[PDB]
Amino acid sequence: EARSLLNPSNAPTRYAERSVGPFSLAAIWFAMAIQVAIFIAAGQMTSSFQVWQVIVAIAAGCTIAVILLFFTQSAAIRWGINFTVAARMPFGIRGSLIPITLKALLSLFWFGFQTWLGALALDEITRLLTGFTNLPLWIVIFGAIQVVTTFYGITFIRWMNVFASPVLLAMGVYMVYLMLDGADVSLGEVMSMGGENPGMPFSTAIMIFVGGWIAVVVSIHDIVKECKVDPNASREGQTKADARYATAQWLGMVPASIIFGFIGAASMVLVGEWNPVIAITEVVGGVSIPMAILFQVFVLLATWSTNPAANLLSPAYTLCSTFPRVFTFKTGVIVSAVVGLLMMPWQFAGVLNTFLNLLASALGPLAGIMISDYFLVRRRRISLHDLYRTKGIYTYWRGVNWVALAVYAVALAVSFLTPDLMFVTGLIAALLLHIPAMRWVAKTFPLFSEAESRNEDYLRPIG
């Protein structure tokens, strides 16, 4: 009858195997939010609003991201499953491969972009000690270092981000000090220096910060399937569990991204550049070789706390989980970091900036259909047995659910009627159409299964 798709890497993650509680998850989100993108974003916003408003658009954009997390993360915590595996539910066991390929492409692209910034940094550090300046060699060596620390999966991420967090927070508070002092300006003064060219709606501002988390929010499964759960909660104890985790991510990502957003904005407004390295250099009138090396140790420490967890984890699990007898987790990581780099993406980001903003916001229906299938349609009632099997209640028409790929198409179109909010309209649209679409497919294929009684077999302790 049915081929088995289970292997030790892509198997649900047992209660006894879980290792990330609520404080640690905040400490991962604190180090995961400090990274280049937010200097650029918050810097360019000072053109349309003043610095204090940029801080508010950031806190607001941070908060909408968490309300979405509360919903997209809930199934992964309870049942210990993948992103790639969980998509099998609404789209087919094979039909899921379409949107997931969309998503694995973004992730792989950005992995090579950030691998690049890391290389620039190590390369700046070496030639400021040796005049030696080879970049392509330093690219590879870094791609390589990340791969080897990612082999330890969430064990490394979590220990590395907990020790990085405080170092980064201090390197950052010193940074604000060097600036304010050297420009001779109080904090309150800089807080209103922007916004001399209004025009952009404040709503579209918030949407620019949320649009930086999208791809991570649409697939946290790959991190949070590792969080601690009490199997014996209730509808209401499970809900507080969901809420306690969403709260931990909030206290982690807000104060981190508010402090560093402010640094990017201040640079623009004091000196005309979003990059604090340059801006502090001017304001202070040159700096010693040590304190320079510092700036570069920072950039490197900030990339390592973001790249692996956000960009490399998820294509790894897609490989070892679609070709389960061909790839394993450790092996999928090696193939992803290689494909990522042979796209040599650091040369098309300039061009493609606008193309990629489209591809990202075209995951709105993907997030919308998955929240709806699991919460509204199935009522949290799922069958692990069938997710790991070629022929079961998730096979639909020969592996693909054409009605769901249709709800996807229709919703992406409706999405275009509202360009500055594309992502959020497509999600809301996909969410609502899936309901009637799914009560129709259900007349032909069943929505629940008997084998769902083996669910606890996958998780509980063996002996």
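Start at 1 with the first residue shown and count on from there.
- Per-stretch averaging of Cα B factors for 85-93 and 337-345 places 337-345 on top.
- When the C-alpha B-factors of 147-155 and 349-357 are averaged, 349-357 comes out higher.
- Of all the options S314, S321, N307, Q296, the entry's greatest CA B-factor is assigned to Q296.
- For the set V403, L421, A42, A33, the PDB entry assigns the largest Cα B-factor to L421.
- The entry lists a Cα temperature factor for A27 that places it in the middle third of the chain's modelled residues.
- Sort the chain's modelled residues by C-alpha temperature factor and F49 lands in the middle third, per the entry.
- Annotation for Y245: CA B-factor lies in the middle third of the chain's modelled residues.
- Sort the chain's modelled residues by C-alpha temperature factor and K443 lands in the middle third, per the entry.
- When the modelled residues of the chain are ordered by C-alpha B-factor, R389 sits in the middle third.
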